[PDB]
């Protein structure tokens, strides 16, 4: 049994606040287990922890390119499907080393006072459009936005033309104030320290709810899948499977979407929600046609080479 906290690593800020309300606190109440949310999730951190042999994280939230790299390096425990019992979660989300629990869009957002007529992906990469820009911390999401912004059709994205994408970012690189994580981006929006960003739909909508006079579009947006995974050598690997089972059920999945504008993988969650929530999701036909879906197969094969270039690229 659990004699200490079940440690869950995520992204912090409003998204972790949402996960705590929908998954962490309800599981703690249902199981009697102490659940502690932490930050730092990512492939580099998971690798360092697992390879050290000093594993302090029991459950991780992994975005599909980070998840792909973790699987490739044998950093995760296989999911116990005798424990994770969710026939209403499509089999393609129920993978060997992780369970797809959320579908999320990454969108172009603008401050309405600086840009009342909005910003298109073409205008984001236009040197003549003046404004403090924030791009994501890694090459993932960033490269696809640069390419769609430069006129690459969403259907023609992969294999990513990395050279072109970087030459595209090069046009507005002097106006890019940072390459930040989701929590840092939401704080910059709320503090009015940026004018144009590329961030998670839920982070944008939560900043607006909190008073940020910002807007966004689905033009050049990138949709991705978020996974629950268990680091290899996790001290509470068996309890982690019990948390994952709980979290992927219709009620916790619907509670997540209620608080933050990210979509469920459980097919029975949306009928529990306001019909209007469907319009703020990447799968919505009017939204889907304007952007693309991240290809994790491409990132699985190309992440290491792209990362080696990206690190040197953002270090000027």
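Numbering follows the first chain given and starts at 1.
Mean C-alpha B-factor is higher over 113 to 121 than over the other stretch, the pair under comparison being 200 to 208 and 113 to 121.
Relative to its counterpart among 280 to 288 and 25 to 33, 280 to 288 has the higher mean temperature factor, C-alpha atoms as listed in the PDB entry. Based on the entry's C-alpha B-factors, the most elevated value among 148, 99, 237, 223 belongs to 237. Residue 254: CA B factor lies in the middle third for its chain, per the PDB record. Ranked against the other modelled residues of its chain, the C-alpha B-factor of residue 191 as given in the entry falls in the highest third.
Sort the chain's modelled residues by C-alpha temperature factor and residue 266 lands in the lowest third, per the entry. Residue-level temperature factors show residue 58 in the middle third of its chain, judged at the C-alpha atom.
In this PDB entry, residue 167 carries a Cα temperature factor that places it within the middle third of its chain's modelled residues.
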